[PDB]
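Residue numbers (the authors' numbering), protein chains in the order written: chain B, 278 to 443; chain E, 24 to 332; chain L, 693 to 766; chain F, 29 to 316; chain G, 7 to 220; chain A, 441 to 503; chain D, 272 to 406; chain R, 49 to 108.
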Ligand SMILES: [Zn+2]
Ligand SMILES: [Zn+2]
Ligand SMILES: [Zn+2]
């Protein structure tokens with residue numbers, strides 16, 4: 278149970294229950310309940326994951342150690358669902374995300390701020406209109422900047438050379 | 024005289040091979056002139072390959088500091104890029120091919136070897152360096168040519184290099200501009216290493232009747248839509264790379280000039296700085312003419328088509 | 693024979709792992725590092741490792757990027 | 029007359045630039061070796077799929093002039109045949125090529141010997157001393173006709189095409205880019221706008237043909253050639269094209285960008301000239 | 007198979023005619039596939055219908071050859087009543103005429119010229135025309151525009167032959183003007199090269215004169 | 441306002457509705473503007489150098 | 272475009288129901304019909320609004336935006352969505368590719384016309400040869 | 049276990065007889081050759097056990 282939670286925490290993208298757990302350690306009653314959690318972790322089923330947490334709380338967060346990490350585990354899965362979902366539809370209203378994530382709007386704003394500050398989101402937030410504007414970066418530039426830097430640097434270089442030689 | 028280069032003077036070649044001026048200077052050979060025919064054949068063979076390395080032999084001659092490639096032919100060998108002196112497996116074939124070529128009036132002898140680097144640039148790996156070192160141990164005047172058929176297609180510009188090795192123990196002098204190539208992670212590590220190791224031969228080529236036939240026929244039909252956009256320079260990889268190399272060269276020139284102002288009486292530094300500035304200026308200029316010609320063709324054609332009447 | 697074969701692939705497991713992106717092995721240069729790594733193990737087997745770096749044909753299907761020394765390998 | 033009249037092509041012939049490349053190189057070297065433009069003789073190889081013939085490569089043949097007759101060293105040709113087997117299997121012999129103008133009473137002798145070798149050889153003749161803007165390459169086939177009661181072999185011109193792959197295309201496009209420059213640079217924009225001039229001339233010739241056909245139809249011919257004149261009129265109605273604000277904006281954007289690049293290049297040339305002038309002036313009167 | 011069906015009716019029109027021909031023409035207007043009606047109009051029996059008493063079908067066929075949907079709405083009394091297939095075919099022809107002039111068609115124009123009320127059926131008609139290989143293009147719904155890349159042509163009343171000749175003459179004159187401009191550029195570039203060579207030879211002569219002086 | 445004057449915030453203050461709008465200037469427009477400024481400065485310096493050469497060649501100096 | 276009457280014949284053929292053991296994923300027929308209708312939409316529609324797209328697919332606009340979102344995520348349909356305006360920008364070939372393709376198609380049609388006149392009217396070829404020899 | 053991986057998707061498109069097989073470790077676990085290759089570059093601990101994941105087989 279500790280190992281399965283540990284595998285979740287490292288944001289692992291590999292089924293820990295696959296073969297060593299096999300079935301005696303993959304279908305054991307309380308262990309099977311843990312198998313459903315990592316199964317929801319793979320499918321990013323936030324609604325189903327939270328339902329299992331509340332259904333089996335006598336064996337999910339019963340360990341004080343796990344109870345400490347439930348908040349972080351919820352934060353990670355909500356981030357993963359958010360990151361996966363937000364790929365299309367730039368300029369989305371925040372309340373739509375809150376309804377999809379079944380959480381408060383303030384929590385969505387805090388999670389969005391953390392994701393942007395982690396450079397995982399290429400965009401900003403419009404708090405006045407409750408709006409999330411994402412930079413589509415369709416300009417395809419970043420080369421005119423290099424051209425301008427080259428132009429200015431070498432022209433200042435030429436000016437300095439002419440001034441020194443004269 | 025456009026066709027003067029096609030004249031073969033056997034006695035003159037024998038005289039040059041007896042003189043061996045390349046033994047007096049390891050930087051003796053500076054230029055590589057390639058006929059249209061040879062280049063075309065090589066590119067075709069490499070592209071038929073597709074992602075596998077192929078190799079062949081080049082027939083030609085020497086003229087002063089210039090190595091001249093007149094023709095080429097594929098070798099039926101395995102282990103290009105993995106076997107040192109892989110060409111050796113085709114020895115018998117090479118002897119017969121050349122014998123039969125002499126029967127039909129191909130007089131030029133072996134001048135080098137070519138091989139392909141599909142999608143990993145144009146350079147000499149440790150194996151290539153061992154092979155060309157052996158090729159410059161028995162047949163000193165040998166030029167190694169490397170072609171990237173994949174990058175030729177993707178860049179719309181021929182990706183070819185001509186190289187010669189240094190003898191074991193011998194160190195290159197101060198100069199070595201080394202144009203950067205986008206070789207893969209470990210391939211680029213080894214590439215920096217071997218660009219420090221060998222020296223490139225200025226590609227020179229020569230416009231001829233072979234070239235005249237090709238340019239005329241392909242442009243007429245394969246460019247019925249002479250459009251093909253008009254700017255294959257739109258890819259910000261070649262022009263941008265030239266711009267960055269220009270910036271680095273002039274920055275180094277300024278760094279040298281600033282330190283040279285304290286030393287009073289160093290003429291060689293002034294000479295080198297002036298030469299570097301001039302070379303940078305000409306490179307930027309030629310880029311500018313290329314861009315201007317592209318825009319001119321674009322403007323004429325698109326104006327005509329869009330708003331003729 | 694089994695342990696000799698064990699020696700023959702352990703040198704090849706070590707060679708393609710170490711000369712991957714270490715220093716430079718134009719000829720027989722970096723190979724000394726692998727002999728020092730396997731000095732406390734067994735004999736350096738110079739001839740054996742010298743024909744086995746070129747004999748990297750373990751994939752008969754191949755038809756792809758050839759085994760250019762350690763570049764193709766990991 | 030060695031040319032058949034009223035005979036149409038029975039097979040389709042596809043030619044590659046490499047074949048023309050081999051012929052041009054063969055003619056140049058023989059001219060250089062023996063003064064006048066000595067006629068060259070070679071062979072054609074490639075792939076044939078039924079009636080579709082694709083000539084991908086060509087090579088040279090050894091020939092000797094005995095009794096004023098060209099005798100081809102078929103033994104050398106056969107020795108070279110297995111030589112090309114060792115490198116390529118998919119390429120099969122298709123015919124032979126030569127250089128010259130109209131067929132002479134020596135190429136028929138050459139062709140009949142090549143016809144002895146294989147089931148059906150192709151005859152190609154290149155004209156290196158041409159003066160027109162058309163391709164001086166023609167493909168002829170072997171036809172048997174009863175002339176004066178005697179079966180005489182004749183040549184029938186084939187409506188061959190010019191087939192090439194993406195590789196060859198890109199390759200020769202950059203060969204033309206490289207000819208745009210050279211050691212003895214005469215002019216560059218001259219060649220560029222001459223190429224555009226040739227393209228515009230080709231389009232203008234097509235337009236002239238269309239206009240002449242329309243005028244003839246107005247006078248005689250078919251009063252209405254159906255889909256043809258319909259599509260011609262539609263294309264003449266698409267001649268204005270009609271650009272939007274966005275296309276004009278993008279065109280002006282590209283023009284301004286590359287014009288700024290040209291201004292930067294001119295500035296670089298001017299500052300190099302200024303540096304040379306300053307270096308010369310510092311020697312003319314100045315010291316230190 | 008529209009062309010084969012068109013040719014068969016052409017062969018039949020060379021013989022049987024009259025009310026059967028008018029019904030046959032109505033079947034042409036109802037059978038999908040036929041997008042060119044010029045070949046039918048040039049049959050001699052269509053000219054026999056001109057002096058014939060019946061003219062509603064001929065005026066119907068004449069409008070499909072040259073007129074558009076708005077003209078058909080004006081002539082709802084002199085033309086035989088169409089079917090759903092005939093109306094759609096004429097609407098496609100009208101869209102062809104609109105797409106021929108402007109390559110971008112706003113949705114406002116589509117709803118106006120075609121008596122289109124519901125925008126949903128407008129999309130259905132547009133996709134139906136494209137999928138029958140009539141018009142090639144792209145639809146912009148944010149700007150409510152119809153960008154047409156390619157479309158089929160239409161018929162000619164032999165009075166547009168003069169316009170075609172004028173357009174071809176204008177194209178030829180423009181091509182000749184561009185050719186003359188290119189030749190003038192040849193001359194200017196050659197003159198600039200000659201001036202550069204003159205400067206170079208002047209410099210060489212000056213250098214040689216100074217060398218002889220010393 | 442002090443941070444914008446110093447920098448590293450890249451913003452514009454809209455005092456009407458009191459909303460801080462971030463500034464995302466087009467790279468190309470600034471590049472063209474400063475390139476034109478560089479060209480003007482280069483022409484001015486070329487004029488200065490030509491005048492210097494003229495006065496040095498003609499030996500013009502205050503005695 | 273696939274409408275709703277082709278469903279009956281295909282569904283019966285599949286497995287007297289749907290090919291597997293039923294589908295129940297809004298029917299694998301309609302899931303592919305919607306998927307194809309989005310491809311057919313991607314071929315033409317530069318951009319599309321939620322309501323108009325949904326009516327084209329005969330599904331609610333909320334369903335249309337989600338499946339279009341799914342296809343973009345999987346890479347099977349290029350484009351992006353704007354939720355404020357409720358419009359999905361499928362595809363637009365900027366300005367240069369569209370112009371180049373139009374010019375190429377025009378040249379190809381000109382060549383086809385020339386070939387058709389040469390083949391169907393060899394007399395035109397003779398007249399053209401005579402005219403080019405005269406001038 | 050077979051039928052390609054996430055880094056390869058389809059059978060064709062420059063596979064050359066599908067140079068992507070199943071690899072077996074000393075711990076008797078099985079995965080795709082490319083999947084563990086991406087695993088072995090970052091970590092090296094065989095995510096199903098704590099064996100070091102030696103290489104005992106190639107293909108099935
Ligand atoms: Zn190599
Ligand atoms: Zn795979
Ligand atoms: Zn394992």
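Each residue gets a CB set at the ideal place from its N, CA and C atoms; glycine is no exception.
- Rounded to whole angstroms, the gap between the alpha carbons of residue 44 (chain E) and residue 51 (chain E) is 7 Å.
- For the alpha helix (DSSP H) assignment, the uninterrupted runs of no fewer than 4 residues enclosed by the region 243-290 of chain F are, from N- to C-terminal side, 255-265.
- Within its own chain, the residues whose Cβ lies closer than 7 Å to the Cβ of residue 131 (chain E), once the five positions on either side in sequence are excluded, are 31, 82, 83, 84, 93, 94, listed in chain order.
- For residue 369 (chain D), not one C-beta of chain B is nearer than 9 Å to its own C-beta.
- Residue 344 (chain B) sits exposed, since fewer than 16 C-beta atoms from the chains shown fall within 10 Å of its C-beta.
- When the alpha-carbon of residue 162 (chain G) is set against those of F:115, F:254, F:125, the nearest one is in F:254.
- Taking C-beta separations shorter than 8 Å and ignoring five residues to either side along the sequence, the partners of residue 53 (chain E) in its chain run 88, 89, 224, 225, following chain order.
- With distances taken between CA atoms, residue 286 (chain B) lies nearest to B:319 out of B:441, B:299, B:319.
- Two segments are said to touch when three or more pairs of C-beta atoms, one from each, lie closer than 8 Å; by this definition the region 287-301 of chain F does not touch the region 49-60 of chain R.
- Residue 153 (chain E) places its beta carbon 9 Å or farther from that of residue 100 (chain E).
- With its beta carbon at least 9 Å from every one in chain B, residue 284 (chain F) lies outside the interface.
- By the beta-carbon neighbour count (other beta carbons within 10 angstroms, threshold 16), residue 59 (chain E) is buried.
- Shown here for residue 363 (chain D): same chain residues with a beta carbon closer than 6 Å to its own, the five before and five after excluded, namely 317 in chain order.
- Distances from the CA of residue 268 (chain F) to each of G:109, G:61, G:59 were compared; the closest alpha carbon is that of G:109.
- Taking the Cβ of residue 82 (chain R) as the reference point, at least one heavy atom of ligand 2 falls within a distance shorter than 8 Å.
- Taken through DSSP and simplified to helix, strand or coil, residue 360 (chain D) comes out as strand.
- Inside the region 49-76 of chain E, DSSP marks whole alpha helix (DSSP H) runs of 4 or more residues at positions 59-72, from first to last along the chain.
- Within the chosen limit of 8 Å, ligand 1 does not reach the beta carbon of residue 211 (chain F) with any heavy atom.
- Note that the region 237-253 of chain E touches the region 220-227 of chain F; at least 3 beta-carbon pairs, one per stretch, sit closer than 8 Å.
- In the assembly as shown, residue 234 (chain E) is a buried residue. Its beta-carbon has 16 or more other beta-carbons within 10 Å.
- Residue environment analysis places residue 175 (chain G) among the exposed positions, since fewer than 16 neighbouring C-beta atoms fall within 10 angstroms of its C-beta.
- With its beta carbon less than 9 Å from one in chain A, residue 291 (chain F) belongs to the interface.
- The CB of residue 356 (chain D) comes closer than 9 Å to the CB of 148 in chain G, given here in chain order.
- Under the DSSP assignment, residue 320 (chain D) falls in the beta strand (DSSP E) whose first and last residues are 318-320.
- At the C-beta level, residue 242 (chain F) and residue 231 (chain F) stay beyond 9 Å of one another.
- At least one C-beta of chain E is nearer than 9 Å to the C-beta of residue 303 (chain F).
- The C-alpha of residue 324 (chain D) is placed about 20 Å away from the C-alpha of residue 298 (chain D).
- As computed with DSSP, residue 92 (chain F) is found in a beta bridge with F:99.
- Any Cβ of chain F closer than 9 Å to the Cβ of residue 443 (chain B) would place that residue at the interface, and such an atom is present.
- For the options F:264, F:75, F:288, F:306, the alpha carbon positioned closest to that of residue 378 (chain D) is the one of F:264.
- For residue 134 (chain G), the shortest C-beta to heavy atom distance toward ligand 1 is 8 Å or greater.
- Closest by C-alpha distance to residue 385 (chain B), out of B:399, B:428, B:426, B:358, is B:358.
- Distance between residue 276 (chain E) and residue 472 (chain A), taken at the CA atoms: about 26 Å.
- Cβ-Cβ separation between residue 124 (chain F) and residue 208 (chain F): approximately 35 Å, too far for a contact (criterion under 8 Å).
- Using a Cβ-Cβ cut-off of 9 Å, residue 100 (chain R) does not count as an interface residue toward chain L, since no Cβ of chain L sits closer than that to its own.
- Of D:376, D:305, D:272, D:295, the smallest CA-CA separation from residue 248 (chain E) is found for D:376.
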